[PDB]
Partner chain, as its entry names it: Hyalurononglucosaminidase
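One chain comes next, on its own, written out as structure tokens in the form solved without its partner chain.
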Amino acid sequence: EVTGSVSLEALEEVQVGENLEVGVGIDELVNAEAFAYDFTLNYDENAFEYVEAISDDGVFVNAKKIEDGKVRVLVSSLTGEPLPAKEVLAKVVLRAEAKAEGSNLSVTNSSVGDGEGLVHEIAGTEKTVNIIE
């Protein structure tokens, strides 16, 4: 069986009018390697606005706003090397629009594609952030 979960890194606290780089990756992945990674970032759209999605360097990152507060992201390797675990693979840049305590950031509908080409779903996660000033 192939199991795994999502990694999510972001500062605990950010100022209105500053960018939050929500850093998404793979925390753990058992019995497979990922060459493709597909996930969705949910945020509170009254608190944030989506700016863009960028890599942490060696991978392909394509994002698409499904609606305000929902961004689907596709990450694939560009080098033929597996996407490593325990690092940011893609960053979702969110502009802080309005003060909010305990603003939710969740990664849902997460799955990976392995060397054989098979697709395995992995567990999402969540985190909160404060928007201050």
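Numbering follows the first chain given and starts at 1.
- Here 33-41 and 99-107 are compared by their mean Cα B-factor, and 99-107 comes out higher.
- When 90-98 is weighed against 61-69, 61-69 comes out higher, by mean CA B-factor as recorded in the entry.
- Looking at the C-alpha B-factors along this chain, the one for residue 28 belongs to the lowest third.
- Ranked by C-alpha B-factor against the other modelled residues of its chain, residue 12 falls in the middle third.
- Split the chain's modelled residues into thirds by C-alpha temperature factor. Residue 74 is in the middle one.
- Compared with the other modelled residues of the chain, the Cα B-factor recorded for residue 129 ranks in the middle third.
- Among all modelled residues in this chain, the alpha-carbon of residue 51 has a temperature factor (C-alpha) in the highest third.
Keep in mind that the form deposited with its partner chain bound is not shown, yet the notes after this line are about it.
- Note that among 98-106, 24-32, 84-92, 37-45, the stretch whose heavy atoms approach its partner chain to within 4.5 Å in the bound PDB entry is 37-45.
- In the bound PDB entry, residue 72 approaches its partner chain with a heavy atom inside 4.5 Å.
- The closest heavy atom approach of residue 111 to its partner chain in the bound PDB entry falls within 4.5 Å.
- Looking at residue 51, you'd find every heavy atom of it more than 4.5 angstroms from its partner chain in the bound PDB entry.
- Using a 4.5 angstroms threshold between heavy atoms, residue 12 stays clear of its partner chain in the bound PDB entry.
- Contacts with its partner chain in the bound PDB entry, taken as any heavy atom within 4.5 Å, map within 56-70 to 60, 62, 63, 64.
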